[PDB]
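Scroll down for the structure; my scribbles are underneath it.
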Amino acid sequence: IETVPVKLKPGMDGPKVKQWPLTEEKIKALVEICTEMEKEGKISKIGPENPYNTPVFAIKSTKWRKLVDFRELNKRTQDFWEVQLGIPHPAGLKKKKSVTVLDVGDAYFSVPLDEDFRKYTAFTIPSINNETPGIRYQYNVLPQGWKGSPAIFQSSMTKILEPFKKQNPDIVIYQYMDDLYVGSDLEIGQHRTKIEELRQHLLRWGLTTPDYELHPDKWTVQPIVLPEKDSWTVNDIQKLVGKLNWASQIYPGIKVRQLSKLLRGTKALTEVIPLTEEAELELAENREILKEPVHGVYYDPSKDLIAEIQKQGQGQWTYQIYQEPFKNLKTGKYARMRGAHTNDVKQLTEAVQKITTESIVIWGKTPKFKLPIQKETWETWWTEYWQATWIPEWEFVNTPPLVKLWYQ
Amino acid sequence: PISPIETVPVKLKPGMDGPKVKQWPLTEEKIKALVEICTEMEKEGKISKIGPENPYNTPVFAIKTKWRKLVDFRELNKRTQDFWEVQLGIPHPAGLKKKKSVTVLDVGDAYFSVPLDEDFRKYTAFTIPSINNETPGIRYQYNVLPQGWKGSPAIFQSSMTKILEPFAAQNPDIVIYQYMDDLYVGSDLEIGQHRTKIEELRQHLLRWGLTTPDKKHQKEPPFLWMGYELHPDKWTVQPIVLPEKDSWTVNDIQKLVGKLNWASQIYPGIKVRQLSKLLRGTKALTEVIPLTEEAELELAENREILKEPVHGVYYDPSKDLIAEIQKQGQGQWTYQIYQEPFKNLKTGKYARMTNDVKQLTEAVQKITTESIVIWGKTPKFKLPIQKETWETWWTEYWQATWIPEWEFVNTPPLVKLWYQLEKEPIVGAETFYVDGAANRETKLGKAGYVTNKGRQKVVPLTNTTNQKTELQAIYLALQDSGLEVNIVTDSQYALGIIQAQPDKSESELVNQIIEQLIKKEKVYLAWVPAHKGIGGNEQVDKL
Ligand SMILES: CCC(=O)N(C)CCOc1cc(Cl)ccc1Oc1cccn2cc(C#N)cc12
Ligand SMILES: [Mg+2]
């Protein structure tokens with residue numbers, strides 16, 4: 001097979017990202033995987049004249065998968081895979097009643113990679129205690145995790161999927177990186193059947209697939225809810241006013257002055273102030289503006305998507321995806337339902353992966369996360385529960401939120 | 001000498017040409033010793049003699065019982081492609097395993113022993129002047145890794161690594177560490193076998209053109225390596241010497257705090273808090289700084305623990321790994337890494353760049369990262385905190401946080417949380433409506449409160465900030481309140497600081513507030529929008 005030549009964006013030099021140190025268990029796993037892959041031609045050992053590098057990790061069933069972090073190499077070759085070989089994003093995938101996600105990364109491993117490009121796929125298995133230099137490979141085939149791989153392979157993919165698409169003209173199929181998202185409006189049971197058909201169909205054409213049932217019907221901007229309560233106190237009014245004031249930054253039509261007049265005299269926090277009709281109308285008038293959605297809230301595809309996550313306690317995390325402040329394109333919640341089985345970093349990591357999967361389905365792009373975690377902590381334990389082939393970009397927040405209940 | 005090793009191909013940075021540098025003639029006596037050495041390594045194939053056909057050139061110098069040849073390759077180095085980065089960092093003695101024997105081998109004339117890629121040799125050319133300087137010049141190039149060239153360390157490394165592979169396979173019981181131009185070979189074979197294998201290695205290497213020290217010249221332990229003392233069953237930092245001077249320069253303080261941290265991998269308890277507070281003052285380069293009083297006590301304490309010599313053991317992977325953490329004070333922590341109780345693998349300190357517990361978490365991170373680097377696993381931790389304390393703090397903290405398997409150790413100063421704020425306002429507690437302020441330019445301020453019972457105060461303030469008074473307001477309500485108080489403030493800044501449950505600070509205000517909050521029995525702190533018109537009439541009085 002001929003190799004699609006890959007030029008970089010001019011004036012860009014290849015990735016030079018230092019490799020994290022790894023537990024001995026994971027180094028051993030990586031050495032195993034790579035000895036096999038070198039044996040199958042998929043990668044080759046390289047010398048010191050190759051100065052580039054790209055981190056590698058080991059993640060997981062009961063077997064170790066290698067996971068290469070091509071985040072830098074992707075930005076450095078963005079034209080190739082977004083402009084030149086772009087894969088268009090189906091605006092109807094988000095509207096399907098069901099979306100299964102199929103791992104098809106194994107298709108790449110047969111297709112050769114351009115001989116002049118391989119140098120930039122270098123990676124290193126590190127050593128413990130710096131006892132040896134490090135084992136250096138570079139890829140000879142399209143690598144999993146690179147955004148060029150799927151772009152290069154979409155020709156072959158469009159052909160392999162043609163008979164299925166003709167037979168099932170209502171099923172939507174989108175390819176992000178190493179995964180196909182297939183949506184249908186079928187009964188859960190029909191859907192799982194149609195999916196085994198596609199699995200069998202892909203298998204009839206030499207594509208292996210191993211062995212998440214998402215539902216983008218309940219996927220919107222969730223509405224901010226005032227606490228309903230039978231009785232109200234000086235303090236309650238005070239939390240209530242504070243919540244409403246902050247929302248003013250989002251719906252400037254929050255009319256609350258009949259509440260500020262409510263308790264005008266310095267009163268104890270426990271004083272159970274009663275309800276004014278003039279005040280109560282400013283509360284129902286405001287709960288209505290809360291039911292409606294925002295104005296101006298549109299997806300600008302020239303810009304980047306931003307996700308903010310807040311820990312809420314008791315295993316509950318809230319998130320907002322936006323592009324400009326206060327103009328939320330989507331908000332939501334996550335909850336890990338296994339106590340004495342789940343811990344904070346597991347939750348943040350599962351949260352991060354659900355938000356990304358959502359974002360791929362709705363927009364075909366990933367957000368940059370604002371994570372509420374210490375940088376060094378996260379750089380140490382994310383692989384322990386990472387189950388995805390892509391890696392979104394991130395940065396860390398050190399300023400806490402003012403009122404976490406402001407989002408739930 | 002130049003070896004039958006296969007050369008690593010090298011090319012110049014894209015769209016660059018080789019150096020064409022100027023060669024101003026030099027001492028006639030120099031030009032003599034140069035050719036005496038220059039044609040003595042030509043006969044060894046390290047260099048050759050080329051005509052003016054090649055246009056590139058580089059300058060050459062002399063230095064000194066003999067002389068020595070030098071080539072500043074700075075102009076070429078800027079022009080040759082980048083390579084793989086020669087390993088950054090060093091193996092820590094804490095992470096070596098006890099081997100019955102360890103031989104050190106340093107390769108002679110390493111870079112000159114490795115061929116340089118043929119089609120890149122033109123770019124190494126130089127000219128030796130003809131004294132008369134109008135007389136013609138003799139032109140040489142290199143056939144081997146030139147001294148101090150950009151590619152040399154990294155190509156040398158990969159040649160050595162390759163040459164090792166055939167021997168590493170025949171002898172899987174021995175262990176070669178590589179470091180720059182040295183080989184460190186351990187083994188658990190009876191000293192006769194090990195000495196036989198060392199000679200097998202030397203001969204191997206010699207046939208690849210790498211000379212190496214005979215048994216007579218093989219260094220003997222303890223080993224003086226990278227500022228360590230490597231005894232066959234123990235390691236320590238080399239002798240560390242702290243000067244007793246009267247005056248102290250910026251540089252003198254830099255060199256001292258360095259020799260101290262260095263010592264802290266293995267000497268427990270060392271502190272650098274006050275010593276470094278001084279340099280943090282300004283970026284002065286050689287200004288003299290008066291030794292402060294507290295710093296002086298620190299240096300005295302450091303000098304005491306340094307008076308006696310301390311040692312560490314090496315790693316045994318069958319025996320698990322433990323890390324123990326002590327709090328020292330003013331945001332200073334110490335920890336030890338060991339496998340059995342009477343010798344440590346290594347020691348160290350963490351410092352605050354905050355809550356006592358948060359810092360502990362950050363220290364467990366620092367250690368965790370270091371363990372992974374040095375041994376490939378994480379320690380089990382012995383920690384001075386009650387499990388119930390930890391579970392309470394993390395469940396309520398806004399960051400996610402991870403705590404590898406750990407155990408409580410009832411060795412004070414234990415780590416505790418000192419107060420907690422009420423989740424909901426207190427019935428039967430006076431409610432205080434505090435506020436504060438100041439003027440940017442004027443620098444005067446006012447702080448006060450107004451309670452529901454009708455009580456009111458205002459205090460004038462000099463040399464204060466809108467933020468420093470908003471905390472003064474809160475301190476007023478705590479000074480003048482019963483054991484249960486509701487406070488209400490329009491300052492997120494002040495709410496933030498208090499909610500952070502800080503354990504101490506440099507800000508003495510905040511320390512007083514802390515001693516109040518620990519004194520109080522129930523405090524509920526609550527926030528309202530500023531300038532909204534609800535009980536905030538207290539801002540008028542402070543205004
Ligand atoms: C004195 C030695 C000793 O007896 N022990 C038990 C420590 C283990 O050191 C090695 C273990 C193995 Cl497996 C192989 C080689 C070892 O030597 C070194 C390892 C790292 C750095 N080095 C720098 C020098 C000097 N100069 C020597 C060593
Ligand atoms: Mg790597």
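Just so we're on the same page: first chain in the structure tokens is A, next is B, and so on; residues restart at 1 for each chain, and ligands are numbered from 1 in the order they show up.
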
List all protein, DNA and RNA residues that have at least one atom no more than 6 Å from any atom of ligand 2, counting only C-alpha atoms and all ligand atoms, and write them as a ChimeraX atom specification. /A:19,53-56,123-125

Write to file, as a compact mmCIF listing (two decimals), in the first residue's frame, the residues of the selection just made, with N, CA, C and O atoms.
```
# COMPACT_ATOMS: atom_id res chain seq x y z
N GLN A 19 9.20 12.35 29.04
CA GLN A 19 8.44 11.17 29.44
C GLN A 19 8.33 11.12 30.95
O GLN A 19 9.35 11.22 31.66
N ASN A 53 10.23 13.27 20.96
CA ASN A 53 9.69 12.29 21.90
C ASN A 53 8.28 12.66 22.26
O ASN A 53 7.89 13.82 22.20
N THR A 54 7.52 11.65 22.67
CA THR A 54 6.11 11.74 22.88
C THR A 54 5.89 10.81 24.07
O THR A 54 6.40 9.70 24.06
N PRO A 55 5.16 11.22 25.10
CA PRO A 55 5.03 10.36 26.29
C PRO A 55 4.32 9.07 25.97
O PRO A 55 3.52 9.01 25.04
N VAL A 56 4.59 8.02 26.75
CA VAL A 56 3.78 6.81 26.67
C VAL A 56 3.34 6.40 28.06
O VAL A 56 4.01 6.70 29.04
N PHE A 123 8.92 7.54 20.75
CA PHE A 123 8.60 7.55 22.18
C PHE A 123 9.67 6.78 22.95
O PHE A 123 10.57 6.17 22.38
N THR A 124 9.57 6.82 24.28
CA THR A 124 10.59 6.25 25.18
C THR A 124 9.93 5.46 26.29
O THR A 124 9.06 5.98 26.99
N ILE A 125 10.36 4.20 26.48
CA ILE A 125 10.07 3.50 27.72
C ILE A 125 11.13 3.93 28.71
O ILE A 125 12.34 3.72 28.46
```

Given only C-alpha atoms, how would the per-residue table for chain A near chain B read, listing every residue at most 6 Å away with its closest atom pair and distance in Å to one decimal, sorted by chain and number, as a Markdown table?
```
| residue | atom | partner | partner_atom | distance |
| --- | --- | --- | --- | --- |
| A:21 | CA | B:373 | CA | 5.9 |
| A:23 | CA | B:376 | CA | 4.2 |
| A:24 | CA | B:376 | CA | 4.5 |
| A:48 | CA | B:84 | CA | 4.8 |
| A:49 | CA | B:83 | CA | 5.0 |
| A:50 | CA | B:83 | CA | 5.9 |
| A:51 | CA | B:84 | CA | 4.2 |
| A:128 | CA | B:376 | CA | 5.8 |
| A:129 | CA | B:374 | CA | 4.5 |
| A:130 | CA | B:91 | CA | 5.3 |
| A:131 | CA | B:177 | CA | 5.9 |
| A:238 | CA | B:528 | CA | 6.0 |
| A:242 | CA | B:529 | CA | 5.8 |
| A:260 | CA | B:534 | CA | 5.6 |
| A:264 | CA | B:534 | CA | 5.3 |
| A:265 | CA | B:535 | CA | 5.9 |
| A:266 | CA | B:535 | CA | 4.4 |
| A:267 | CA | B:452 | CA | 5.1 |
| A:268 | CA | B:431 | CA | 5.3 |
| A:270 | CA | B:427 | CA | 5.8 |
| A:311 | CA | B:398 | CA | 5.9 |
| A:344 | CA | B:400 | CA | 5.3 |
| A:372 | CA | B:399 | CA | 4.9 |
| A:373 | CA | B:399 | CA | 5.1 |
```

Residues contacting ligand 1 - anything with an atom at most 7 Å away, using only C-alpha atoms and all ligand atoms - can you give me those as a PyMOL selection string? chain B and resi 91+93+96-102+104+175-177+184-187+221-225+230-233+314

What would the file look like if the residues just selected were written as a short mmCIF file (atom, residue, chain, number, x, y, z; two decimals), in the first residue's frame with N, CA, C and O atoms?
```cif
data_model
loop_
_atom_site.label_atom_id
_atom_site.label_comp_id
_atom_site.auth_asym_id
_atom_site.auth_seq_id
_atom_site.Cartn_x
_atom_site.Cartn_y
_atom_site.Cartn_z
N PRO B 91 21.40 8.37 39.08
CA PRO B 91 20.76 7.34 39.93
C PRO B 91 20.98 7.66 41.40
O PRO B 91 22.09 8.00 41.83
N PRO B 93 21.69 6.83 45.19
CA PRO B 93 22.19 5.65 45.90
C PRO B 93 21.10 4.93 46.67
O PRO B 93 21.18 3.71 46.83
N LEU B 96 19.82 1.82 44.54
CA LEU B 96 20.66 0.71 44.14
C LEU B 96 20.43 -0.49 45.06
O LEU B 96 20.06 -0.34 46.24
N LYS B 97 20.64 -1.69 44.52
CA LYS B 97 20.56 -2.90 45.32
C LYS B 97 21.97 -3.31 45.70
O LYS B 97 22.92 -3.14 44.91
N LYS B 98 22.11 -3.80 46.94
CA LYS B 98 23.35 -4.40 47.42
C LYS B 98 23.74 -5.57 46.52
O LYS B 98 23.02 -6.57 46.43
N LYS B 99 24.87 -5.42 45.84
CA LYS B 99 25.51 -6.48 45.08
C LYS B 99 26.77 -6.88 45.84
O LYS B 99 27.38 -6.06 46.53
N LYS B 100 27.15 -8.16 45.75
CA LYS B 100 28.34 -8.57 46.51
C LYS B 100 29.59 -7.85 46.01
O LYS B 100 30.50 -7.58 46.79
N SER B 101 29.63 -7.49 44.73
CA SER B 101 30.81 -6.84 44.20
C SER B 101 30.37 -5.74 43.23
O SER B 101 29.30 -5.81 42.62
N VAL B 102 31.21 -4.71 43.12
CA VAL B 102 30.97 -3.61 42.20
C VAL B 102 32.31 -3.14 41.73
O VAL B 102 33.16 -2.72 42.53
N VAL B 104 34.28 -0.44 39.10
CA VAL B 104 34.13 0.77 38.32
C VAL B 104 35.09 0.66 37.16
O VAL B 104 36.22 0.19 37.33
N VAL B 175 25.47 -6.93 36.05
CA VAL B 175 24.65 -5.74 35.91
C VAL B 175 25.57 -4.58 35.58
O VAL B 175 26.34 -4.14 36.45
N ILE B 176 25.45 -4.02 34.38
CA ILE B 176 26.19 -2.82 34.02
C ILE B 176 25.28 -1.60 34.09
O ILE B 176 24.21 -1.58 33.48
N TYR B 177 25.69 -0.61 34.89
CA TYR B 177 25.15 0.75 34.85
C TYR B 177 26.05 1.57 33.94
O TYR B 177 27.28 1.43 34.01
N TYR B 184 29.70 0.88 35.67
CA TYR B 184 29.61 0.39 37.04
C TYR B 184 28.98 -0.98 36.94
O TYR B 184 27.85 -1.12 36.45
N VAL B 185 29.73 -2.01 37.35
CA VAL B 185 29.36 -3.39 37.12
C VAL B 185 29.25 -4.05 38.48
O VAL B 185 30.23 -4.08 39.23
N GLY B 186 28.07 -4.55 38.80
CA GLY B 186 27.85 -5.29 40.02
C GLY B 186 27.61 -6.74 39.66
O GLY B 186 27.41 -7.08 38.50
N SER B 187 27.67 -7.59 40.67
CA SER B 187 27.42 -9.02 40.48
C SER B 187 27.37 -9.69 41.85
O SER B 187 27.97 -9.22 42.82
N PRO B 221 36.64 0.76 46.95
CA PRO B 221 35.64 1.46 47.75
C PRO B 221 36.26 2.05 49.01
O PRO B 221 37.41 1.75 49.34
N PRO B 222 35.53 2.92 49.72
CA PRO B 222 34.24 3.50 49.34
C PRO B 222 34.42 4.35 48.08
O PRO B 222 35.54 4.77 47.78
N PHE B 223 33.36 4.62 47.32
CA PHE B 223 33.50 5.32 46.05
C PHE B 223 33.08 6.77 46.22
O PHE B 223 32.06 7.07 46.85
N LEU B 224 33.90 7.67 45.68
CA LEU B 224 33.65 9.11 45.73
C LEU B 224 33.04 9.48 44.39
O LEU B 224 33.75 9.87 43.45
N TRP B 225 31.72 9.38 44.31
CA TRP B 225 30.99 9.50 43.06
C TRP B 225 29.89 10.53 43.23
O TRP B 225 29.01 10.38 44.09
N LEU B 230 30.02 5.89 48.70
CA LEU B 230 29.41 4.60 48.36
C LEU B 230 30.26 3.50 48.99
O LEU B 230 31.24 3.03 48.43
N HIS B 231 29.85 3.08 50.21
CA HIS B 231 30.49 1.96 50.89
C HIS B 231 29.80 0.67 50.48
O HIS B 231 28.61 0.66 50.17
N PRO B 232 30.51 -0.47 50.43
CA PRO B 232 29.88 -1.69 49.91
C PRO B 232 28.62 -2.12 50.65
O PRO B 232 27.95 -3.06 50.19
N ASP B 233 28.28 -1.50 51.78
CA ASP B 233 27.04 -1.85 52.45
C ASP B 233 26.34 -0.61 52.99
O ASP B 233 25.38 -0.75 53.78
N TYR B 314 20.90 0.57 51.28
CA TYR B 314 20.45 0.43 49.90
C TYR B 314 19.10 -0.32 49.86
O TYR B 314 18.54 -0.71 50.90
#
```

Expected answer as a list in words: helix (DSSP H, G or I) residues in range 196-234 of chain A: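 Of range 196-234 of chain A, the ones in helix (DSSP H, G or I) are residues 196, 197, 198, 199, 200, 201, 202, 203, 204, 216, 217, 218 and 234 of chain A.
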
Test item: residues at most 12 Å from residue 207 in chain B, only C-alpha atoms, excluding those fewer than 5 positions along its chain, as JSON, numbers by chain: {"B": [1, 2, 3, 4, 5, 113, 163, 200, 201, 202, 212]}

Exercise: range 226-236 of chain A partners within 6 Å, only C-alpha atoms, chain neighbours under 6 positions left out, as a PyMOL selection string: chain A and resi 269-273

Given the selection you just returned, output its residues as a file containing N, CA and C atoms, formatted as a PDB file, in the first residue's frame.
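And here's again_33.pdb as it stands now:
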```pdb
ATOM      1  N   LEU A 269     -29.859  35.962  62.284  1.00  0.00           N
ATOM      2  CA  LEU A 269     -29.838  35.073  61.124  1.00  0.00           C
ATOM      3  C   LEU A 269     -30.952  34.038  61.220  1.00  0.00           C
ATOM      4  N   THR A 270     -31.312  33.634  62.437  1.00  0.00           N
ATOM      5  CA  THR A 270     -32.365  32.655  62.679  1.00  0.00           C
ATOM      6  C   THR A 270     -33.766  33.263  62.665  1.00  0.00           C
ATOM      7  N   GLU A 271     -33.885  34.588  62.632  1.00  0.00           N
ATOM      8  CA  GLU A 271     -35.200  35.219  62.553  1.00  0.00           C
ATOM      9  C   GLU A 271     -35.961  34.648  61.372  1.00  0.00           C
ATOM     10  N   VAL A 272     -37.126  34.067  61.644  1.00  0.00           N
ATOM     11  CA  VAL A 272     -37.935  33.427  60.590  1.00  0.00           C
ATOM     12  C   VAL A 272     -38.846  34.516  60.028  1.00  0.00           C
ATOM     13  N   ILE A 273     -38.323  35.279  59.075  1.00  0.00           N
ATOM     14  CA  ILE A 273     -39.082  36.355  58.457  1.00  0.00           C
ATOM     15  C   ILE A 273     -40.222  35.747  57.634  1.00  0.00           C
TER      16      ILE A 273
END
```

Write out as a count of residues only which residues come within 8 Å of residue 87 in chain A when counting only C-alpha atoms, dropping same-chain ones fewer than 5 positions away. 5

Using DSSP on the backbone coordinates, identify the residues of range 218-251 of chain B assigned to strand (DSSP E); present them as a ChimeraX atom specification. /B:223-225,228-231,234-237

What does the distance from CA of residue 368 in chain A to CA of residue 493 in chain B come to in Å, to one decimal?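 Interatomic distance here is 27.8 Å.
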
What gap, in Å, lies between CA of residue 332 in chain B and CA of residue 351 in chain B?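 Distance between the two atoms: 4.9 Å.
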
So, counting only C-alpha atoms, which residue among B:248, B:226, B:74, B:334 is closest to residue 271 in chain B?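 Comparing B:248, B:226, B:74, B:334 against residue 271 in chain B, the winner is B:334.
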
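Compared by their closest atoms to residue 191 in chain A, and using only C-alpha atoms, the residues A:46, A:214, A:397, A:203 rank with A:214 nearest.
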
Taking 6 positions as the minimum chain separation for residues in the same chain, which residues sit within 8 Å of range 353-358 of chain A when counting only C-alpha atoms? Answer as a compact mmCIF listing (two decimals) with C-alpha atoms, in the first residue's frame.
```
# COMPACT_ATOMS: atom_id res chain seq x y z
CA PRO A 216 -28.11 12.15 23.97
CA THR A 366 -12.87 17.97 22.82
CA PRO A 367 -12.88 20.65 25.56
CA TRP A 386 -8.13 6.15 32.31
CA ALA A 388 -10.07 6.11 26.73
CA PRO A 392 -8.19 15.94 26.11
```

Skip range 68-74 of chain A itself and residues of its chain fewer than 2 positions away, then list as a ChimeraX atom specification all residues within 6 Å of it, counting only C-alpha atoms. /A:15,55-56,76-78,146

Write out, as a short mmCIF file (atom, residue, chain, number, x, y, z; two decimals), in the first residue's frame, the residues just selected, with C-alpha atoms.
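Output file out22.cif follows:
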```cif
data_model
loop_
_atom_site.label_atom_id
_atom_site.label_comp_id
_atom_site.auth_asym_id
_atom_site.auth_seq_id
_atom_site.Cartn_x
_atom_site.Cartn_y
_atom_site.Cartn_z
CA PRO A 15 7.21 17.05 19.51
CA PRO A 55 5.03 10.36 26.29
CA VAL A 56 3.78 6.81 26.67
CA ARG A 76 1.65 20.33 15.29
CA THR A 77 -0.09 18.52 12.40
CA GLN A 78 -3.55 20.04 12.72
CA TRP A 146 -2.72 10.28 16.32
#
```

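Counting only C-alpha atoms and comparing A:400, A:383, A:180, A:250, the residue that lies closest to residue 308 in chain A is A:400.
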